[PDB]
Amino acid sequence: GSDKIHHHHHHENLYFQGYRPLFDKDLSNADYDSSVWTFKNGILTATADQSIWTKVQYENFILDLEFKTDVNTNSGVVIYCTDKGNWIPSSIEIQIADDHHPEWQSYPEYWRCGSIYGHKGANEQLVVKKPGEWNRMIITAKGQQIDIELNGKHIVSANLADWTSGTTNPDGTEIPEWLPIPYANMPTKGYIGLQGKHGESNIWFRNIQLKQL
């Protein structure tokens, strides 16, 4: 049937499951440029390619968020960040992309939405919805064991201990040159961030919540 407005998106409130919002309503517990990120009417959005970061570091957590894309959105969620200034080689990024834009067929699968970017792709392509629709992504980060759920599908399960090379994935495929640290050697505690607008199209987030395990 065609109803949206009378169906619940959760079996129970995440609050009772132990989740708390990652960011305060005024973003007072976040590091960001106020010219880039706004949190208005429940919705978090960026107008440039600068990230928003937690002020405290996290390990052994489940991060549950929603995101909406537009045509060719490019963004992501960053975990285990040990240096916000130099975050690229100092963190692990989970990609967010509008995989439906044909452009994404020009890039490896393990660069697309839901991937542990440059290291391991989704087990099923085009799990992200189309532009304009809310997606739900759940990242379980339990030391070296990383699990990603996207729109109810368990798309990625990875044990970072397998990444003994900084340049070569266990399957022999290339790791981007700019991600040189063997992920087996990466700290499993760090700041959490949302990448900003890395494309010319917008990214929106909402209901970003975290369960401390």
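One-based numbering along the sequence shown.
Higher mean CA temperature factor, per the PDB entry, when comparing 171 to 179 with 24 to 32: 24 to 32.
Judged by mean Cα B factor in the deposited record, 125 to 133 ranks above the other of 109 to 117 and 125 to 133. The entry lists C-alpha B-factors for 60, 185, 144, 41, and the highest of these is at 41.
Sorting 96, 92, 139, 71 by the CA temperature factor given in the entry leaves 71 at the top. In the deposited entry, the Cα temperature factor of residue 4 places it in the highest third of its chain's modelled residues.
In the deposited entry, the Cα temperature factor of residue 80 sits in the bottom third of values across the chain's modelled residues. For residue 56, the recorded CA temperature factor ranks within the highest third of the chain's modelled residues. Sort the chain's modelled residues by C-alpha temperature factor and residue 165 lands in the lowest third, per the entry. Placement of the Cα temperature factor of residue 158 within the chain: middle third of the modelled residues, per the deposited record.
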